[PDB]
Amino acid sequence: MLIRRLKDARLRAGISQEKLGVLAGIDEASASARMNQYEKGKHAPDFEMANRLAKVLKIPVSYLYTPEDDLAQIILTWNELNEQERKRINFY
């Protein structure tokens, strides 16, 4: 899990670390700490948690696991394309 990806996505979502945690289902008593540990790279979330974070952040989960900046941008762009626009890439 790439800490820069998590942080960038969180800041674009405009929410605090704690709020991101709460919305992803982490107990209010541990949300701030846990989300900070993830963003600072102290501990890694499991894939199930990453999926819940991605849901809150409105991103595809694999964005958080893509080190290649150009591919990560593609993933975010693809995310916002409608199903007809995706067909155009699919054929491509």
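Each residue number is its position in the shown sequence, starting from 1. Whichever C-alpha set is largest while still superposing within 1.5 Å between the two forms counts as the rigid core.
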In terms of RMS C-alpha distance in 4 other deposited structures of this protein following rigid core superposition, 82-90 and 2-10 differ, and the farther one is 82-90
Entry B factor averaged over C-alpha atoms, 3-11 against 82-90: higher for 82-90
Higher avg CA temperature factor (35-43 vs 22-30, as deposited) belongs to 22-30
Of the three thirds of Cα B-factor ranks in this chain, residue 17 occupies the lowest
